[PDB]
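Peer 1: Have a look at the structure that comes next, please.
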Amino acid sequence: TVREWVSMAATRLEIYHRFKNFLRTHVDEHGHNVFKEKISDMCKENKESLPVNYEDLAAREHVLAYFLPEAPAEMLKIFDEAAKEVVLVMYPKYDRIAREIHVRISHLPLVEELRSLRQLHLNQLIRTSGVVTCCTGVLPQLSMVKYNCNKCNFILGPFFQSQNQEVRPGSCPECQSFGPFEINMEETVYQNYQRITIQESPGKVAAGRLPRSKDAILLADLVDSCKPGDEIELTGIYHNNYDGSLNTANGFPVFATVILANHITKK
Amino acid sequence: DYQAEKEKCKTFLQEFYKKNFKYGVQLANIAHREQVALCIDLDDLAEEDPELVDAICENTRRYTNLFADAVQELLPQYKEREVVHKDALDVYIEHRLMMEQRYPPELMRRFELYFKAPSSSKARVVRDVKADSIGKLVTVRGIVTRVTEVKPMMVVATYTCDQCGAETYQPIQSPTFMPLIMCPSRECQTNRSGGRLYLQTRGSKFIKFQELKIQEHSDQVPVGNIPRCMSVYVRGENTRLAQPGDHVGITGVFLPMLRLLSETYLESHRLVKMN
Amino acid sequence: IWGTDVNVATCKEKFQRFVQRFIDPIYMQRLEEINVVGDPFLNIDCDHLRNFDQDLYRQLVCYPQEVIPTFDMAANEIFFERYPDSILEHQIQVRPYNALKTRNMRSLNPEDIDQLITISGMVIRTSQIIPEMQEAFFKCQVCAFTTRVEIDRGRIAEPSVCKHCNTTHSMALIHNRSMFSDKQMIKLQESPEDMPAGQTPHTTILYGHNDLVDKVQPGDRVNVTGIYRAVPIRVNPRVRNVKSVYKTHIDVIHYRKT
Amino acid sequence: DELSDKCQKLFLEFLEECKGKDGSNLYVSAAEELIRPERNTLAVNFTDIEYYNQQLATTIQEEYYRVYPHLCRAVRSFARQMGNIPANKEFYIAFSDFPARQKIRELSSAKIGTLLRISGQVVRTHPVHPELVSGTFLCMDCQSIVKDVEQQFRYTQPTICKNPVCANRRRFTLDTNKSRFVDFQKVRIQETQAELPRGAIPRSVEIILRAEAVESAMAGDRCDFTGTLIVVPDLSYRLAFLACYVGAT
Amino acid sequence: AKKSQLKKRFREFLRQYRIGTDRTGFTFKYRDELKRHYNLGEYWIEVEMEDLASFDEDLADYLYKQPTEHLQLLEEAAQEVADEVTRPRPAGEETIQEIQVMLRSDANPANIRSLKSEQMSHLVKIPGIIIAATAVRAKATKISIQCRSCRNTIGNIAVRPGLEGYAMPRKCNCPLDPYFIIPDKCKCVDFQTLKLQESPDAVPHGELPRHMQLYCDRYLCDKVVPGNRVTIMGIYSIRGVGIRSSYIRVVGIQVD
Ligand SMILES: [Zn+2]
Ligand SMILES: [Zn+2]
Ligand SMILES: [Zn+2]
Ligand SMILES: [Zn+2]
Ligand SMILES: [Zn+2]
């Protein structure tokens, strides 16, 4: 599995160094350093999102360009860390205006449709297109919850939360008060949340068939980048989420599917 | 008001009748590094003002410091013939000052001040030193049965940090202490990472220390009762002044040992070998 | 250095001239003998240094920690100038021995801390070899990166973050590879002459190192030249509180069997 | 550490290529016995190592303690290729015929980590006890197995997990089922009368015995112990001797 | 504790702040206002934020970032100062009433669409227009509970302000959960909920305006009716997976 190979510490360090070298040393057709200008424009307008084109990444690193579409989570995390390091080197004071630099992947060669997504595409970086039909408001979501212990008043460390399950607390050093654990509202970290709904294009839908739809999740800078009735090109991680209600309804164990959005382009 | 007490002490120190300025001459000698131990006698205070004598006898802890500070203030106006010494501490201070251009009073102190029991005060047996004389001035007598070797005792510590140049200070007013681990200098606080400062033994202050046990005279002890002992702490010029098997009479301060029930020790001020 | 009047260049030149200008250049003759002897050390009496430059002698006595290495450098340089072809196992070690004891085992006031003194006594008991770590071997446990950290004031620093993988709490001390030296503990009593009337003899702890190990035996009346050292002592092994009173010991520099 | 790898390869080649007058491999016949249980230590003559490669012999003498694990690993592969044996079975090397005799007084901090040879008279022994060579430590927060955790003469545990999630402080349970145990004995020897210098007491030392070299030397027997010198743990340190071969003359 | 030091500093701010110059004269501003309001029957004051910054910049900086505890300490300090200024009260009014502190500032207002998730539990200033309101219900502040079996009483329990409850004890100290709230032994205050709509000009093109729920308490109730333009100063707080509703505890209203 590519996930196991990229999970290796030495492989992780090698990928980190390669991405740092790619960011620092990537000349253009005229020799200009593209990422210097990109980071300058990003920090000049107080953004926290850095776009990366897949074509030049493949041109300068084919191994990573092959690893990315198969393990898009850890690879993107390493890319984010390397980008943050490069930005901090270039702009030492940017730790005030931002706390995490995100990497957005553009021009992914593979393009699919909402009607041809199967279990083969699970946990892979896919690229689809469609028309937005629903857009909920921006709600706050728990990012890193800081659980406390009533037995000792000491507060446990951060615990990351995913969009697929409910995070549970760990173990206190010596007084094992697993039960009496709560959450404080002044040390926890939150993040923006928005769940859009995309459907097939009016022109591209088969006459005999009916339009299909899939749910997408937008977080952090991605929120409020779409409005209902807009044609978009969505790149994200196809993700599988259990839904017992559908199981009971259909009478057969079935799971819901959602897309964790990573890059959105409006055409 | 302790300030008024200090002014009164200074007034007594500068002007003493004998009008031979014994205190003035001795302070000049100290400023010339010719004398270390200055023994203030309380009968002279009784000649001037007995109220100060009673007040100092009730609590011989604050007024010792008051006398020390008064002597320290009077010292600068008597340094006539500069200095002829080669103190390592002074060399360290001089080089640090030279780098500075490029301080606790105890740190800049080498005189030890002691009091003498007034003629009115009478000697007391070890059994007669009860708990009502804690913090007062007492005069016990007995036979020394054990003396320890003189060892250095840390008084004030002088740490140095590699990150900064400002030397750290840490007075030691307890029998035990914990050494400083992280450097608290503002230079290190600005760096958001306290330096791993280390104590510089060259720039530290050490004083001579001695411990001895004083017993009771057999004749004074009741026939049925067994003799009792007492621990005496000796620091400064008073060290190497007594040997085991010598009849002595010690004037000092009765204090408890802290480390609701506590042991007691005697802070020696003046040791005399009676017979 | 800081708070110290030593000057490496000036003291080195003074030592070289003193060896050359020792008309009583006898030390040059001793170096000539060493050229064939093959033992890189030089025994020097303090009084000759006083005669040449009482100022340099005062600097040596007050701060023997750094003056002695400077004298070692100067002696090695002059020996190499006289005999470049001579081959030695290591550098010359000058030992500024003193003819007579400055003070007895008593009167060792705290002012004598970190200063050169000479005493006399009788060896009572000698300890075995006590290895001491000098250069610490910290090896990473995340990426297996090796380091060769050395001693610095005796407080060896341990970097949690590795230099290759940059992972905290990765360096581990493999003492089986770290460099080690030798030590020895010797108990020395007080001679009856120094003993006052009706006083039992005292004892002093002496620490010998390297060649000085196994140079004295029990029952031998010898004179010892060394540095007066004071170290803090903790109240308990687990507790880090330190007692105000510091115990004292002597780091020997020269042994005179006398 | 290419030095250790090169030493391992050269030692394996020496094991599979050493041939005497008969032009036959003695170590293959030796491993024939290593196939059987109750056998876990091989024998080799240092003089024959010099004959095959004096440079390799010198390299071994330089860092005997450091390169000994790799020698054991190489002999493990040799024995396993020779015959069918359980993989968990550990093997050890015993070095014999070492001419570089030493003195008890000669021992110093410089000689630590180098193969030596000393003689003495056995004073007292100790009963045989198991010894934990490499332990298995399991995180209590993620249940990740960290095997082959060597013990350096003390209960040593790491603070990191096998998987890159936890970094446990002190919660690492030990499993005896996945652990490795070797025989351990602690004997004491004193300096012989011949070695005794004038006006000096015998400097008795302690010897660590492992593997089949356990319960080998009785009390009051003049024996020559071949092994390295190590430091056994402000940092308290004391000297000790780890003899791999015991011989009686 | 540091809480006592903070309370003492707030009391000193209230007792020692003065306005004016020596060319005309000096008048204590908040002590006089507290006395006047307490005598009139209105138990509230309006504390500016530039004044507190000028007196003590650290104290103002601890109110813009941790409003809850610091505002509670400020209210307790105001109660103590008001008690000491009118110490000889007439017969029947010995007990001292609680004082509510309202905040005001001259900072540039933010937008509803600019409220990130980092600015949670921070003082915010957002304009808007009120489009809805609810009936004035009751919110408890002090409650007393009693066991159903052994009738043990645990009185004077304090309930946190805002849309936050109180988890009742399980052990009786008598089956599990034997405690019920005594009806008559409860002290309640007014309580209202509003809906703030984004300003008609800050709304982007081709998009409907957004909304935000507000919370009003005590003297802030019945101050704004639907259809009014207001500028709200309040505490951003929280009341799908891990999704929590977010409201705004209003601590000051400036009707335009
Ligand atoms: Zn706990
Ligand atoms: Zn510092
Ligand atoms: Zn590493
Ligand atoms: Zn774990
Ligand atoms: Zn009950």
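Letters A, B, ... go to the chains of the structure tokens in the order shown; residues in each chain start at 1; ligands are counted from 1 in the same order.
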7 Å from ligand 4 is the threshold here; counting only C-alpha atoms and all ligand atoms, which polymer residues fall inside it? Answer as a compact mmCIF listing (two decimals) with C-alpha atoms, in the first residue's frame.

Peer 2:
# COMPACT_ATOMS: atom_id res chain seq x y z
CA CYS D 139 2.64 1.45 24.75
CA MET D 140 -0.38 1.68 27.03
CA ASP D 141 -1.98 4.42 24.90
CA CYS D 142 -1.89 2.82 21.43
CA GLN D 143 -0.74 -0.81 21.98
CA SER D 144 2.22 -0.55 19.60
CA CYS D 161 5.92 4.34 20.16
CA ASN D 163 3.69 3.82 15.37
CA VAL D 165 1.15 8.66 17.10
CA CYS D 166 2.03 8.38 20.80
CA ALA D 167 5.10 9.42 22.77
CA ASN D 168 4.56 7.64 26.08

Peer 1: DSSP says helix (DSSP H, G or I) for which residues of segment 35-117 of chain E? Put them as an mmCIF file with N, CA and C atoms, in the first residue's frame?

Peer 2:
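And here is the file that came out, states-v8.cif:
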data_model
loop_
_atom_site.group_PDB
_atom_site.id
_atom_site.type_symbol
_atom_site.label_atom_id
_atom_site.label_comp_id
_atom_site.auth_asym_id
_atom_site.auth_seq_id
_atom_site.Cartn_x
_atom_site.Cartn_y
_atom_site.Cartn_z
ATOM 1 N N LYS E 35 -23.227 56.015 42.552
ATOM 2 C CA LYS E 35 -24.062 56.505 43.645
ATOM 3 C C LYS E 35 -25.401 57.012 43.128
ATOM 4 N N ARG E 36 -25.370 57.809 42.060
ATOM 5 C CA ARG E 36 -26.595 58.392 41.527
ATOM 6 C C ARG E 36 -27.545 57.316 41.017
ATOM 7 N N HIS E 37 -27.022 56.343 40.268
ATOM 8 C CA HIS E 37 -27.869 55.280 39.738
ATOM 9 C C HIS E 37 -28.438 54.417 40.856
ATOM 10 N N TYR E 38 -27.616 54.067 41.848
ATOM 11 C CA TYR E 38 -28.115 53.255 42.948
ATOM 12 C C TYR E 38 -29.191 53.973 43.744
ATOM 13 N N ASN E 39 -29.044 55.276 43.973
ATOM 14 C CA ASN E 39 -30.094 56.009 44.666
ATOM 15 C C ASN E 39 -31.356 56.143 43.823
ATOM 16 N N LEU E 40 -31.214 56.290 42.505
ATOM 17 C CA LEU E 40 -32.378 56.394 41.634
ATOM 18 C C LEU E 40 -33.145 55.087 41.494
ATOM 19 N N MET E 49 -14.370 51.750 27.384
ATOM 20 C CA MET E 49 -13.190 50.906 27.265
ATOM 21 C C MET E 49 -11.899 51.684 27.078
ATOM 22 N N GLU E 50 -11.957 52.907 26.550
ATOM 23 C CA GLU E 50 -10.756 53.731 26.483
ATOM 24 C C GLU E 50 -10.349 54.243 27.857
ATOM 25 N N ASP E 51 -11.319 54.509 28.733
ATOM 26 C CA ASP E 51 -11.002 54.936 30.092
ATOM 27 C C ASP E 51 -10.254 53.846 30.848
ATOM 28 N N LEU E 52 -10.737 52.606 30.757
ATOM 29 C CA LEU E 52 -10.076 51.499 31.435
ATOM 30 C C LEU E 52 -8.686 51.258 30.865
ATOM 31 N N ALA E 53 -8.520 51.444 29.555
ATOM 32 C CA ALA E 53 -7.198 51.318 28.951
ATOM 33 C C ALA E 53 -6.257 52.400 29.460
ATOM 34 N N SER E 54 -6.754 53.634 29.566
ATOM 35 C CA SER E 54 -5.918 54.728 30.047
ATOM 36 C C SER E 54 -5.510 54.514 31.498
ATOM 37 N N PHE E 55 -6.428 54.019 32.329
ATOM 38 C CA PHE E 55 -6.072 53.726 33.714
ATOM 39 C C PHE E 55 -5.081 52.572 33.798
ATOM 40 N N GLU E 57 -3.675 49.571 31.019
ATOM 41 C CA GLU E 57 -3.762 48.952 29.699
ATOM 42 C C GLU E 57 -3.901 47.437 29.789
ATOM 43 N N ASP E 58 -3.238 46.810 30.762
ATOM 44 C CA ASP E 58 -3.346 45.363 30.921
ATOM 45 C C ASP E 58 -4.775 44.950 31.250
ATOM 46 N N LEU E 59 -5.445 45.705 32.124
ATOM 47 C CA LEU E 59 -6.823 45.379 32.480
ATOM 48 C C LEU E 59 -7.751 45.469 31.278
ATOM 49 N N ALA E 60 -7.581 46.490 30.438
ATOM 50 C CA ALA E 60 -8.378 46.573 29.220
ATOM 51 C C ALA E 60 -8.058 45.425 28.274
ATOM 52 N N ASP E 61 -6.783 45.057 28.164
ATOM 53 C CA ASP E 61 -6.382 43.968 27.283
ATOM 54 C C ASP E 61 -6.860 42.604 27.761
ATOM 55 N N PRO E 67 -13.403 37.902 28.135
ATOM 56 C CA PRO E 67 -14.428 38.773 28.727
ATOM 57 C C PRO E 67 -15.183 38.166 29.896
ATOM 58 N N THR E 68 -15.329 36.843 29.958
ATOM 59 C CA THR E 68 -16.240 36.242 30.930
ATOM 60 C C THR E 68 -15.801 36.518 32.366
ATOM 61 N N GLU E 69 -14.646 35.975 32.758
ATOM 62 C CA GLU E 69 -14.213 36.083 34.147
ATOM 63 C C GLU E 69 -13.905 37.526 34.521
ATOM 64 N N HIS E 70 -13.300 38.282 33.604
ATOM 65 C CA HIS E 70 -12.949 39.662 33.915
ATOM 66 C C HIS E 70 -14.191 40.534 34.053
ATOM 67 N N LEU E 71 -15.213 40.295 33.231
ATOM 68 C CA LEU E 71 -16.467 41.018 33.398
ATOM 69 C C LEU E 71 -17.155 40.649 34.704
ATOM 70 N N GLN E 72 -17.108 39.373 35.096
ATOM 71 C CA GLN E 72 -17.673 38.990 36.387
ATOM 72 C C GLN E 72 -16.954 39.692 37.536
ATOM 73 N N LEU E 73 -15.622 39.744 37.478
ATOM 74 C CA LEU E 73 -14.859 40.443 38.509
ATOM 75 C C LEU E 73 -15.180 41.932 38.520
ATOM 76 N N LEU E 74 -15.335 42.534 37.340
ATOM 77 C CA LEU E 74 -15.690 43.945 37.264
ATOM 78 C C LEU E 74 -17.053 44.203 37.891
ATOM 79 N N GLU E 75 -18.017 43.312 37.651
ATOM 80 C CA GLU E 75 -19.338 43.479 38.250
ATOM 81 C C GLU E 75 -19.285 43.345 39.768
ATOM 82 N N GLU E 76 -18.501 42.393 40.280
ATOM 83 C CA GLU E 76 -18.363 42.276 41.732
ATOM 84 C C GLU E 76 -17.702 43.515 42.332
ATOM 85 N N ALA E 77 -16.681 44.048 41.658
ATOM 86 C CA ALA E 77 -16.041 45.272 42.127
ATOM 87 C C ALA E 77 -17.021 46.436 42.133
ATOM 88 N N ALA E 78 -17.851 46.537 41.093
ATOM 89 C CA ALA E 78 -18.857 47.591 41.047
ATOM 90 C C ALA E 78 -19.846 47.452 42.192
ATOM 91 N N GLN E 79 -20.263 46.222 42.493
ATOM 92 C CA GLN E 79 -21.151 46.011 43.629
ATOM 93 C C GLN E 79 -20.519 46.453 44.940
ATOM 94 N N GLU E 80 -19.256 46.102 45.178
ATOM 95 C CA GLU E 80 -18.594 46.511 46.414
ATOM 96 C C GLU E 80 -18.431 48.027 46.514
ATOM 97 N N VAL E 81 -18.046 48.677 45.414
ATOM 98 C CA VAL E 81 -17.905 50.131 45.432
ATOM 99 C C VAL E 81 -19.250 50.797 45.692
ATOM 100 N N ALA E 82 -20.303 50.341 45.009
ATOM 101 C CA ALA E 82 -21.630 50.895 45.237
ATOM 102 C C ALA E 82 -22.103 50.677 46.665
ATOM 103 N N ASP E 83 -21.775 49.535 47.267
ATOM 104 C CA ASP E 83 -22.081 49.315 48.673
ATOM 105 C C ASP E 83 -21.339 50.263 49.599
ATOM 106 N N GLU E 84 -20.066 50.549 49.335
ATOM 107 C CA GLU E 84 -19.317 51.435 50.219
ATOM 108 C C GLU E 84 -19.666 52.906 50.040
ATOM 109 N N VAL E 85 -20.119 53.321 48.853
ATOM 110 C CA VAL E 85 -20.459 54.726 48.653
ATOM 111 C C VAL E 85 -21.744 55.112 49.377
ATOM 112 N N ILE E 112 -20.531 40.901 10.176
ATOM 113 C CA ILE E 112 -20.972 39.557 10.533
ATOM 114 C C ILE E 112 -20.251 38.505 9.697
ATOM 115 N N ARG E 113 -19.959 38.805 8.434
ATOM 116 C CA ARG E 113 -19.255 37.884 7.553
ATOM 117 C C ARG E 113 -17.760 37.837 7.827
ATOM 118 N N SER E 114 -17.246 38.742 8.656
ATOM 119 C CA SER E 114 -15.842 38.742 9.027
ATOM 120 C C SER E 114 -15.563 38.004 10.325
#

Peer 1: Counting only C-alpha atoms, which residues of chain C come no farther than 9 Å from chain A, as a list in words?

Peer 2: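 Here is what falls inside 9 Å: residues 142, 143 and 165 of chain C.
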
Peer 1: May I have the selected residues written with C-alpha atoms, as a compact mmCIF listing (two decimals), in the first residue's frame?

Peer 2:
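selection03.txt written:
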# COMPACT_ATOMS: atom_id res chain seq x y z
CA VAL C 142 14.75 7.83 15.64
CA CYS C 143 17.21 8.05 12.73
CA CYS C 165 15.69 13.75 11.75

Peer 1: Within 7 Å of ligand 1, counting only C-alpha atoms and all ligand atoms, which protein or nucleic acid residues do you find, written as a PyMOL selection string?

Peer 2: chain A and resi 149-154+172-177

Peer 1: Restricting the output to C-alpha atoms, write the selected residues as a PDB file, in the first residue's frame.

Peer 2:
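Generated file (selection-v9.pdb):
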ATOM      1  CA  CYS A 149      -9.613  15.929  34.267  1.00  0.00           C
ATOM      2  CA  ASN A 150     -11.782  16.697  37.291  1.00  0.00           C
ATOM      3  CA  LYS A 151      -9.650  14.476  39.544  1.00  0.00           C
ATOM      4  CA  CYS A 152      -6.592  16.730  39.138  1.00  0.00           C
ATOM      5  CA  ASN A 153      -7.740  19.961  37.349  1.00  0.00           C
ATOM      6  CA  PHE A 154      -5.008  19.308  34.757  1.00  0.00           C
ATOM      7  CA  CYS A 172      -4.580  10.998  32.418  1.00  0.00           C
ATOM      8  CA  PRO A 173      -1.018  10.486  33.767  1.00  0.00           C
ATOM      9  CA  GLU A 174      -1.869   8.903  37.126  1.00  0.00           C
ATOM     10  CA  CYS A 175      -5.434   9.711  38.237  1.00  0.00           C
ATOM     11  CA  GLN A 176      -7.472   7.746  35.689  1.00  0.00           C
ATOM     12  CA  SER A 177     -10.673   9.796  35.705  1.00  0.00           C
TER      13      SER A 177
END

Peer 1: So which residues of segment 57-135 of chain E fall under strand (DSSP E or B) by DSSP, listed as a ChimeraX atom specification?

Peer 2: /E:100-104,123-133

Peer 1: Excluding same-chain residues fewer than 2 positions from residue 12 of chain D, what lies within 10 Å of it counting only C-alpha atoms, as a list in words?

Peer 2: residues 6, 7, 8, 9, 10, 14, 15, 16, 17, 18, 70, 71, 72, 73, 74, 75, 76, 77 and 78 of chain D

Peer 1: Tell me which protein, DNA and RNA residues are within 6 Å of residue 200 of chain A, counting only C-alpha atoms, leaving out same-chain ones fewer than 2 positions away, and put them as a compact mmCIF listing (two decimals) with N, CA, C and O atoms, in the first residue's frame.

Peer 2:
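part.txt, freshly written:
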# COMPACT_ATOMS: atom_id res chain seq x y z
N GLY A 130 -19.71 20.04 -11.69
CA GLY A 130 -21.15 20.05 -11.53
C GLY A 130 -21.67 21.44 -11.26
O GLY A 130 -20.98 22.44 -11.47
N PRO A 211 -30.51 13.50 -13.17
CA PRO A 211 -29.33 14.09 -12.52
C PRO A 211 -29.02 13.41 -11.19
O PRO A 211 -29.91 13.03 -10.44
N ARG A 212 -27.72 13.26 -10.92
CA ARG A 212 -27.22 12.72 -9.67
C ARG A 212 -26.67 13.85 -8.80
O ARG A 212 -26.49 14.98 -9.26

Peer 1: Could you please tell me, as a list in words, which residues of chain B have an atom within 7 Å of chain C when using only C-alpha atoms?

Peer 2: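 Every residue meeting the condition is included here: residues 91, 92, 93, 95, 96, 151, 152, 153, 154, 175, 176, 177, 178, 206, 207 and 208 of chain B.
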
Peer 1: Around ligand 2, at most 7 Å away and counting only C-alpha atoms and all ligand atoms, which residues are there? Put them as a ChimeraX atom specification, please.

Peer 2: /B:161-165,183-185,187-188,194-195,197

Peer 1: Collect all residues with atoms no farther than 7 Å from ligand 5, counting only C-alpha atoms and all ligand atoms, and output them as a count of residues only.

Peer 2: 9

Peer 1: Listing only residues of chain C within 7 Å of ligand 3, what is the closest atom pair and its distance in Å (to one decimal) for each, using only C-alpha atoms and all ligand atoms, sorted by chain and residue number ascending, as a Markdown table?

Peer 2:
| residue | atom | partner | partner_atom_place_in_ligand_line | distance |
| --- | --- | --- | --- | --- |
| C:140 | CA | ligand 3 | 1 (Zn) | 4.7 |
| C:141 | CA | ligand 3 | 1 (Zn) | 6.4 |
| C:142 | CA | ligand 3 | 1 (Zn) | 4.9 |
| C:143 | CA | ligand 3 | 1 (Zn) | 3.9 |
| C:144 | CA | ligand 3 | 1 (Zn) | 5.6 |
| C:145 | CA | ligand 3 | 1 (Zn) | 5.2 |
| C:162 | CA | ligand 3 | 1 (Zn) | 4.5 |
| C:163 | CA | ligand 3 | 1 (Zn) | 6.2 |
| C:164 | CA | ligand 3 | 1 (Zn) | 4.8 |
| C:165 | CA | ligand 3 | 1 (Zn) | 4.1 |
| C:166 | CA | ligand 3 | 1 (Zn) | 6.0 |
| C:167 | CA | ligand 3 | 1 (Zn) | 6.1 |
| C:170 | CA | ligand 3 | 1 (Zn) | 6.3 |

Peer 1: Can you pull out every residue within 8 Å of residue 22 of chain C, counting only C-alpha atoms, but drop anything in the same chain fewer than 5 positions away, and send it as a PyMOL selection string?

Peer 2: chain C and resi 27+48+52
